[PDB]
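S.K.: Below is the structure I would like to discuss, written out as structure tokens.
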RNA sequence: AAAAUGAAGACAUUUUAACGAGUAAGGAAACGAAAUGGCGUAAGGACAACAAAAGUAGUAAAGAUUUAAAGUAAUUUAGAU
RNA sequence: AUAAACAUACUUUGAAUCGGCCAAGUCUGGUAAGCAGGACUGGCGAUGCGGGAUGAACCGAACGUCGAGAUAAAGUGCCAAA
RNA sequence: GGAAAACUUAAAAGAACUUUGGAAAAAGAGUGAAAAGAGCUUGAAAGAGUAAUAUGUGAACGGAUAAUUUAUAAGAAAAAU
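Chains as they are written, first to last, in the numbering used here: chain A, 396 to 550; chain B, 400 to 603; chain C, 3 to 131; chain D, 224 to 391; chain E, 16 to 121.
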């Protein structure tokens, strides 16, 4: 699976990617939307607070039946949740990209999460035995995640 | 150019419907209107006659939710606005922009009390009405249906009338003095050359 | 000399309901439904291709430059309009290689024939070249 | 002789057919575009066939108001008509109006009733030669009581002066 | 500097109850209240001068105009018909236009 | 429709006049003054650099995505990737 | 008397169709029906356009793409051109 | 009773060593004409994600006419005597 975009300067960027990750797309799509654009150090702090339910992930698009929370004030979204599994998966990719940046020799304190995209992946099927002799589909929703860190500079 | 000035209409001694029709057309022509004393307009019919019409108006109301239903404004300034809004295009930007340039007040507020007032001859009550036909002031009808601020306006208008009484008396004094001074200049010999030109064309 | 080319309708005759459904393409088809809004020529939707829309006979199939297109595949095919350079313009086919395109372009300059694909399949000489 | 449609051009050592002549006997001809003739120059006294007919109100020595162009609203004095262009040779006397000697088309002026006349103006020059002399060309491609105040001021439409009612 | 024009109101297009023909524009000249005062204005010039907030990187003028001619009277109330080079934008309905004093006939 | 011209031009000739709505339905092909005019899919037989190396193609085919042009339209043509 | 030569007379082969509906200075049964059935004609079906706010049938009028004018039914306080 | 499932490349030359990770993998590195990277020729539509641009009161979409913005796009000749 290729990357959605290429960095402007390959010498000052780092990349990490995960394919067919066993994590819900709709949860990880909203989590990756929250950390887009902030600094790597800030993003790691934000993702860690989400795990222990101290900062919200606003479910802006997929908000059907999602309950309201007190931390969703100011985000123009009345709904949010604390996806632990999806936050953990991104935390492992953010760490992996950072080690790639360090090998390149970049300055970790200057890196930001410039590009982060989530794509749908192939589903896996399972049986759900319903009434009157029926069987349904019990399908997973995996996803691919791509992460690109670039240094922030004045323009 | 651009019409920045505001046309002020004294709604005293006018007919509510005929004022609205003339105002509604000119609102679509880009003009800016401010109708003051929108409570002194007249309508055909006696007070009992007008109340029967009002109660029929009050009947219309969304049965399942009266909050969604027709809103029956009782302030005469809102009786004029309803009449004007009915003669303007509905549900388009042209209609909303035209109504944006209209204001009614129950008296003469601070900025519009010292402005040149106009009149609409087609909407005058002395032309369109038989003098024996009984009429009703919009302020009097508003009180009968529940407009609470009828006597507040009557107080504010009273002080405006007395304030305009002393200003006019002082102005009439100055104007008479200026008028007689001009007569001396006209009769003066040094201004003989300039006077004859005015007399030639009748100005003097 | 160039005549004034007048088009009676510069838009496109789109198919009915082609905007709402993606299975219905935009290529025109006459609606043959018994209750069709467009076929009955209602107000608003009464736009169908009719022979009255045809352009003037004198200036039909004429490119905006004022000449008629003439496809060419090699240098020899240019000689068929070498005597009508004021009426026809060459047009190198989409499959002619870049090598054969140079010969056609350099030959047409000799014969004074206008070519419309004169900037086709040019090599990388765009930046720093 | 060559066919009328055959205009040979030089080939920069490019491959040529057998029939096409070599460039040594091919001579270039400069491309020709213009095909129309310029206007003929007639006598200074005689007037052009393309001469507009002046309105009865515009007579020499009248006072006109320029209602369009650069000097819109200015008041000028009419001397005579340019016989080579049909325009009016007006002078809004420069010491009063600031309007120089110029040519204005007759449709952009209003002939006022006020008349200053003045014969013996000495119009010996002031013709097609003079105006063409004082024209600024490009660099080509390959290269009476109160009358003084009346004229000195702009003409403007005050409140209440509707043009269909205005007579000057 | 000076006023050499009469303000006319772009009322709308020549139309019917449910149709509209944007080729002919209807104007109300200030001071003309009847069709017998229209003959003076038949053939005069009319301009729709509008302002556009251009950017510093554009050479397009901030002030543009659309010109036309008053061609015929319309009704007995001094309304006129004007044909412009480009039909007036309906967003300009109710705005003010300029009626010049030329081409003069005086 | 009627006149005129007519071995090849060309835009299915030139001129004049009248006409042009439409469900079901009809008007197969060919027919020089053409007894309706055309677009598209695939396969078979031919033709396609006229002077003995004769349509295009690794100097980038078919296909795909779009940008523009021609045609009333069916559709076609060309550029870019 | 008036009109009629792209007039007139056709011959052959063949498609679809025979569920109809409306109007009325018309009729029959019925208390009556936006009911049932008929004589004559015009329409809707097959038909869009302008007007009657809206409407299969009402009024004007039937349609290649457009520009300019005089109009028809009908309108001219505002919505809405007058 | 009774299916579905064809294609890497010319040749496996099918990455092989380092860092991060529990591992799967990722980032470098390398092979190859080209990753075409094994879910492997091309790779449409429906459905998503990212970036750029634009809009907004109880549907949305279409058409005529202009305005704004963007894009496309027409020239090297030349007067009188």
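Don't be surprised by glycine CBs; every beta carbon is placed ideally from N, CA and C.
Do we get a CB-CB distance below 8 Å when we pair residue 88 of chain E with the residues of chain D?
M.R.: False, the Cβ-Cβ gap to chain D never drops below 8 Å.
S.K.: In terms of residues, what are the limits of the alpha helix (DSSP H) holding residue 353 of chain D?
M.R.: Element bounds for residue 353 of chain D: 351-356.
S.K.: Relative to chain E, which residues along the segment 490-521 of chain B have a C-beta separation below 9 Å, given in chain order?
M.R.: The segment 490-521 of chain B vs chain E, Cβ under 9 Å: 492, 493, 496, 497.
S.K.: According to the neighbour-count rule (16 or more other Cβ atoms, all chains shown, within 10 Å of its Cβ), is residue 117 of chain E buried or exposed?
M.R.: Residue 117 of chain E is buried by the Cβ-count criterion.
S.K.: Sort E:41, E:87, E:56, E:32 by Cα distance to residue 25 of chain E and report the nearest one.
M.R.: Answer by Cα proximity: E:41.
S.K.: Given a threshold of 16 other Cβ atoms within 10 Å of its Cβ, counted over all protein chains shown, does residue 551 of chain B qualify as buried or as exposed?
M.R.: It is exposed - the Cβ of residue 551 of chain B has fewer than 16 other Cβ atoms within 10 Å.
S.K.: What first and last residue would you give for the beta strand (DSSP E) that runs through residue 114 of chain E?
M.R.: That run of the beta strand (DSSP E) goes 111-115.
S.K.: Classify residue 3 of chain C as buried or exposed, calling it buried when 16 or more other Cβ atoms lie within 10 Å of its own Cβ.
M.R.: Classification for residue 3 of chain C: exposed.
S.K.: Give me the chain E residues within the contact set of residue 400 of chain B, using Cβ-Cβ distance strictly less than 8 Å, ordered along the chain.
M.R.: Residues of chain E passing the Cβ test: 22, 111.
S.K.: Taking residue 89 of chain E as part of the beta strand (DSSP E), name the residues at either end of that continuous run.
M.R.: Here the beta strand (DSSP E) through residue 89 of chain E covers 78-89.
S.K.: I want to see whether chain D comes within less than 8 Å of residue 95 of chain E, judged by CB atoms only; does it?
M.R.: It does not; no Cβ of chain D falls within 8 Å.
S.K.: With a floor of 4 residues, list each alpha helix (DSSP H) that falls wholly inside the segment 435-486 of chain B, ordered by position along the chain.
M.R.: Fully enclosed alpha helix (DSSP H) runs of 4 or longer: 446-458, 475-484.
S.K.: For a test of the three-state rule: what should DSSP assign to residue 251 of chain D, helix, strand or coil?
M.R.: Correct three-state label for residue 251 of chain D: coil.
S.K.: In the DSSP assignment, find the unbroken alpha helix (DSSP H) run with residue 541 of chain B in it and report its ends.
M.R.: It spans 537-544 - the alpha helix (DSSP H) in which residue 541 of chain B sits, taken as one unbroken run.
S.K.: With 8 Å set as the bound, which would you pick, yes or no: does the beta-carbon of residue 280 of chain D sit closer than that to a beta-carbon of chain E?
M.R.: True, the Cβ-Cβ gap to chain E drops below 8 Å.
S.K.: Residue 427 of chain B versus chain E: which residues are under 7 Å apart at the beta carbon?
M.R.: Going along chain E in sequence order, the residues near residue 427 of chain B (Cβ under 7 Å) are 109.
S.K.: May I ask you to list the residues that DSSP assigns as paired with residue 408 of chain B?
M.R.: DSSP, once it has assigned bridges, lists B:434, B:517 as partnering residue 408 of chain B.
S.K.: Of all the CB atoms in chain E, is at least one closer than 8 Å to the CB of residue 363 of chain D?
M.R.: Chain E contact via Cβ: absent.
S.K.: Count the other CB atoms within 10 Å of the CB of residue 505 of chain B; is the residue buried (16 or more) or exposed (fewer)?
M.R.: Residue 505 of chain B is buried by the Cβ-count criterion.
S.K.: Taking its Cβ as the centre, do 16 or more other Cβ atoms sit within 10 Å of residue 106 of chain C, making it buried, or is it exposed?
M.R.: When all chains shown are included, residue 106 of chain C counts as buried.
S.K.: From which residue to which residue does the beta strand (DSSP E) around residue 466 of chain A run?
M.R.: It is not in any beta strand (DSSP E) - residue 466 of chain A carries neither H nor E in the DSSP assignment.
S.K.: So what's residue 539 of chain A in DSSP terms, helix, strand or just coil?
M.R.: Strand at residue 539 of chain A.
S.K.: For my contact list, residue 427 of chain B and residue 109 of chain E are in at a C-beta cut-off of 8 Å; report their separation, rounded to the angstrom.
M.R.: 6 Å between Cβ atoms; contact.
S.K.: Under 7 Å between beta-carbons, which chain C residues line up against residue 234 of chain D? List them in chain order, please.
M.R.: Correct list: 112.
S.K.: Would residue 539 of chain A and residue 414 of chain A qualify as a contact pair, given that the criterion is a beta-carbon distance under 8 Å?
M.R.: Cβ atoms of residue 539 of chain A and residue 414 of chain A: closer than 8 Å.
S.K.: Within the continuous alpha helix (DSSP H) that includes residue 498 of chain A, where are the two ends?
M.R.: Its alpha helix (DSSP H) spans residues 479-499.
S.K.: If you draw a straight line from the C-alpha of residue 510 of chain B to the C-alpha of residue 560 of chain B, how long is it?
M.R.: Rounded to whole angstroms, residue 510 of chain B to residue 560 of chain B spans 16 Å at the Cα level.
S.K.: Does the Cβ-Cβ distance between residue 7 of chain C and residue 64 of chain C come in under 8 Å?
M.R.: Yes, these two residues count as a Cβ contact at 8 Å.
S.K.: Mind reading off the beta-carbon distance from residue 313 of chain D to residue 301 of chain D? Whole number of angstroms is fine, and I expect it under 8 Å.
M.R.: Indeed, because the Cβ distance is near 5 Å, the residues count as touching under 8 Å.
S.K.: Would you tell me roughly how many angstroms separate the C-alpha atoms of residue 504 of chain A and residue 490 of chain A, rounded to the nearest one?
M.R.: The alpha-carbon atoms of residue 504 of chain A and residue 490 of chain A are separated by roughly 14 Å.
S.K.: Mapping the DSSP letters down to three states, classify residue 108 of chain E as helix, strand or coil.
M.R.: Residue 108 of chain E: coil per DSSP, three-state reduction.
S.K.: Taking only beta-carbon atoms, is residue 334 of chain D less than 8 Å away from chain E?
M.R.: Yes, residue 334 of chain D lies at the interface with chain E (some Cβ there is under 8 Å from its Cβ).
S.K.: Quick check: is the beta carbon of residue 241 of chain D nearer than 8 Å to any beta carbon in chain C?
M.R.: It does not; no Cβ of chain C falls within 8 Å.
S.K.: Taking only the alpha-carbon atoms, compute the straight-line gap between residue 436 of chain B and residue 409 of chain B and give it to the nearest angstrom.
M.R.: If I take the Cα positions, the gap works out to 6 Å.
S.K.: Check the DSSP bridge columns for residue 515 of chain A and list the partner residues they point to.
M.R.: Answer by DSSP bridge pairing, in chain order: A:538.
S.K.: Cβ of residue 479 of chain A within 8 Å of Cβ of residue 446 of chain A?
M.R.: Against a cut-off of 8 Å, the Cβ pair of residue 446 of chain A and residue 479 of chain A comes out as a contact.
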